[PDB]
Amino acid sequence: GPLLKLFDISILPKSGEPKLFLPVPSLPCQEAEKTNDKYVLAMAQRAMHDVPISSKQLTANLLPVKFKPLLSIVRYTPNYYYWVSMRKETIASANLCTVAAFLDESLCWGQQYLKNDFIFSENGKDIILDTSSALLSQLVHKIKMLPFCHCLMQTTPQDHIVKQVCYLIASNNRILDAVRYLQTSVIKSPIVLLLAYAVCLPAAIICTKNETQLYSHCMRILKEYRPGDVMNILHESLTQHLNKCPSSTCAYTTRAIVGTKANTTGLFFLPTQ
Amino acid sequence: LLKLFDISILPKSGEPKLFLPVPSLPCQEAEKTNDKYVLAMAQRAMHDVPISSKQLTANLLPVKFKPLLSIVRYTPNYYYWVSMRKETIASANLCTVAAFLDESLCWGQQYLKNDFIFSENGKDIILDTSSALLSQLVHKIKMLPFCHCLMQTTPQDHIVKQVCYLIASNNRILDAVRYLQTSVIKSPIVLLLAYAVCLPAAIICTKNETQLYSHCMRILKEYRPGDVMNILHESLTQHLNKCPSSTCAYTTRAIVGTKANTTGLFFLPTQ
Ligand SMILES: [Zn+2]
Ligand SMILES: [Zn+2]
């Protein structure tokens, strides 16, 4: 029919000088952390900066003796919103290298909770666990950006599972529905396994007593994880893909998604075997 | 009780992995231009330099357009440039998204001014990243605390939600244009989405979708250079001064970021 007005002109700001920056709230000063442990303080100092990820490597069988010391910051920091905001900034702008590093860190950390019989619950504050939902969303976003030969050229692609889990998370952050969907099938694709690993902690933290069965499935996934699995799975899958994919352009699209290197701002450690 | 996973999908334990593999780039070829300004612009484009140093006023872009085409449209290094830009966009905070959006819209306006056609085949390193940019803008909007959409004079919250759903769920670009053209735009967030959709939608319109194409052209023609940065700056400034939530400030900082990554950005157009 007739052409309609596009938009209310009052939406536009008053003319002025070019805007070259976006404003961000000024950050209140941080309090001193509540520990005198110089190893823990050193680890926090290094988490604040984008250190080369090889420097942040931590052998996972040494993590149990570091867990309770590091809790003095990870659980008990008086700077909770500062730390979570720093980690969310890195995750929200993360390439797949960065996503993978953060996922291995968060799963190894969650296994320490399991080893010490700590419960998972969104009430108690934990700067690592409380960014696991943002990390799941970022992983789904990276998977959706990959050329779809990455999922189709697996031995058992299970592409309908990849698509539906990604849909559930990307459309409406339907985390528990993604767990319900994943538990109806044996996992046979490494991409599906990455999704299962990424969903297990964000789901466990929001389960209530009525979702005890889903919680038990998340605990099964967490127990089967082994330190370094996320990086190991991606390293293998990406190498195999370069050795078999006939597309002229897939490698250029993939390199952009994977990125040149990880950003470790807010990352305390990269756990490895 | 169902087995959890086939153990054969797990890789052989070997070396600790401290990086993810990507192949090395070949040597790039010389760009097809001797124009000193354009070659200087390309050298700056390769680095993450302060964005104040890529500023380009609206009176200067029209004359530099045809010179810049020698790279943007006719480079022998198309995959180098596009993959560099897609890498920045795929890891972008909102500062970076905003800069690249203004760049793409001003570039698209120069296409219109010169009666060029929009299509997927025409190789253009700026327009061929506009769909990635739209997806990234939607991703940022969805992470913002919702006080950002609700605290507008006319939030149109249902429009923001549906457009974000269409793009994030299945990249339904033309359906998003169809939905947007049913209503007058009254929220700055909806206007940003409309600006971000118009070039990706124009590029994939066929002969059966000339009415949608025409709507994209109205949006592109009404855009004013710098609008994306100006709108976001005003809106973020008002929200800081009026939102009472402490959690919102910290979350907003994380999404917005503290500076842009200009790697692959050729220019930041302004008034
Ligand atoms: Zn491929
Ligand atoms: Zn707010």
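Residues numbered from 1 in each chain as written, not as in the entry; some residues may be left out. Chains lettered and ligands numbered in written order. Heavy atoms only, no water.

## Brief notes about the pattern of salt bridges
Counted according to the given criterion, the structure contains 9 salt bridges over all chains. Between B:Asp175 and B:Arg172 there is a salt bridge; the shortest N-O distance is 2.8 Å. The partner of B:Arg178 in a salt bridge is B:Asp175, and the shortest N-O contact between them spans 2.7 Å. Here the residue B:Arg178 and the residue B:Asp175 both occupy positions in helix α8 (residues 173–180), the gap between them amounting to 3 residues, near one helical turn. Each of A:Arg174, A:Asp177 and A:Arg180 takes part in salt bridges that share partners, so that together they form one network. (Salt bridge = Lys/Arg side-chain N within 4 Å of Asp/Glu carboxyl O. Helix = DSSP H or I, 4+ residues; strand = E, 2+ residues; numbered from the N terminus.)

## Overview of the interface of chain B and chain A
Taken together, the contact pairs 78 residues of chain B with 79 residues of chain A. Summing both partners gives a buried area of about 7,200 Å² for chain B against chain A, and 69% of it is carried by carbon and sulfur. For chain B, the biggest contributors to the area lost against chain A are B:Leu4, B:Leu20 and B:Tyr250; these three give 12% of the whole. At the boundary of chain B with chain A, the tally comes to 0 salt bridges. Along the contact surface separating chain B from chain A lie 18 residue pairs in polar contact. In terms of residue count, the dominant contributor to the side of chain B that touches chain A is helix α11 (residues 227–242) of chain B (10 residues). In terms of residue class, the side of chain B that touches chain A is made up of 42 nonpolar, 20 polar and 16 charged. (Contact = heavy atoms within 4.5 Å. Buried area = accessible area lost by both parts, 1.4 Å probe. Polar contact = N/O pair within 3.5 Å; in protein donor to acceptor, adjacent residues only side chain to side chain. Nonpolar A, V, L, I, M, F, W, Y, C, P; charged D, E, K, R; others polar.)

## Structural notes on the UniProt feature "binding site: Zn(2+)" in chain A
All names here are of chain A. Under the feature "binding site: Zn(2+)", the UniProt entry names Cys-151, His-241, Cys-245 and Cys-250. Judged by maximum C-alpha separation, these annotated positions cover 100 residues in sequence but sit close together in space, the widest gap being only 12.6 Å. For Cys-245, the position within the fold is in the loop between α11 (229–244) and α12 (250–258). Not counting the four nearest positions on each side in its chain, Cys-245 is found in contact with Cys-149, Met-153 and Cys-250. Relative to the elements of secondary structure, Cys-250 occurs in helix α12. You can call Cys-250 buried: its relative accessible area is 4%. Discounting residues that sit within four places of it in the chain, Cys-250 has contacts with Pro-147, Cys-149, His-150, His-241 and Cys-245. (UniProt positions renumbered as here; feature names shortened; annotations may be inferred. Buried < 20%, exposed > 50% of the residue type's maximum accessible area, 1.4 Å probe, protein only.)

## Notes on helix α4 (residues 96–115) of chain A
Residue and element names in this part refer to chain A. Helix length check: α4, at 20 residues, gives a terminal C-alpha distance of 28 Å against a target of 28 Å (1.5 Å per residue), a fit within 8%. For α4, the tally of buried residues reaches 18 of 20 residues, placing the bulk of the element in the interior. Sitting at the head of α4, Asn-95 places a side-chain oxygen 3.1 Å from the backbone nitrogen of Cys-97. Directly after α4, the chain includes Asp-117, whose backbone phi takes a positive value near 60°. (Expected span 1.5 Å × (residues − 1).)

## Focus: the coordination of the zinc ion (ligand 1)
Residue and element names in this part refer to chain A. Around the zinc ion (ligand 1), the protein contributes the donor atoms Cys-149 (SG), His-241 (NE2), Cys-245 (SG) and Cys-250 (SG), at 2.0 to 2.4 Å from the metal centre. Given 4 donor atoms and angles of 103 to 120° at the metal, the environment of the zinc ion (ligand 1) is assigned as tetrahedral. In terms of primary sequence, the donors binding the zinc ion (ligand 1) are separated according to C-x91-H-x3-C-x4-C. Linking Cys-149 in helix α6 (residues 149–152) with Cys-250 in helix α12, this pair joins segments that are 101 residues apart in sequence. (Donors = N, O, S within 2.8 Å, 3.2 Å for Na, K, Ca; no water. Tetrahedral: all angles 85-135°; square planar, octahedral: opposite > 155°, others 65-115°.)

## Here's the deal with the coordination of the zinc ion (ligand 2)
In ideal tetrahedral geometry, four donors around a metal make angles of 109.5 degrees, whereas ideal octahedral geometry with six donors gives angles of 90 or 180 degrees. Residues and elements named next belong to chain B. At this site the zinc ion (ligand 2) is bound by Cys-147 (SG), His-239 (NE2), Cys-243 (SG) and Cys-248 (SG), with donor distances of 2.0 to 2.3 Å. Here the zinc ion (ligand 2) is ringed by 4 donor atoms whose angles at the metal span 91 to 125°, and the overall shape comes out tetrahedral. Written as a sequence motif, the donor residues of the zinc ion (ligand 2) are C-x91-H-x3-C-x4-C. Like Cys-248, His-239 is buried.

## Brief notes about the environment of B:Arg85
Residues and elements named next belong to chain B. By the secondary structure assignment, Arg-85 is in helix α3 (residues 78–90). Sequence separation of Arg-85 and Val-63 is 22 residues, and the distance between their C-alpha atoms is 24 Å. Ignoring any residue separated from it by four or fewer positions in sequence, one finds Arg-85 in contact with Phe-100, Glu-103, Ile-125, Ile-126, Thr-129, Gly-264, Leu-265 and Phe-266. Polar contacts involving the side chain of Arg-85 include one to the side chain of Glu-103, which spans 2.8 Å.

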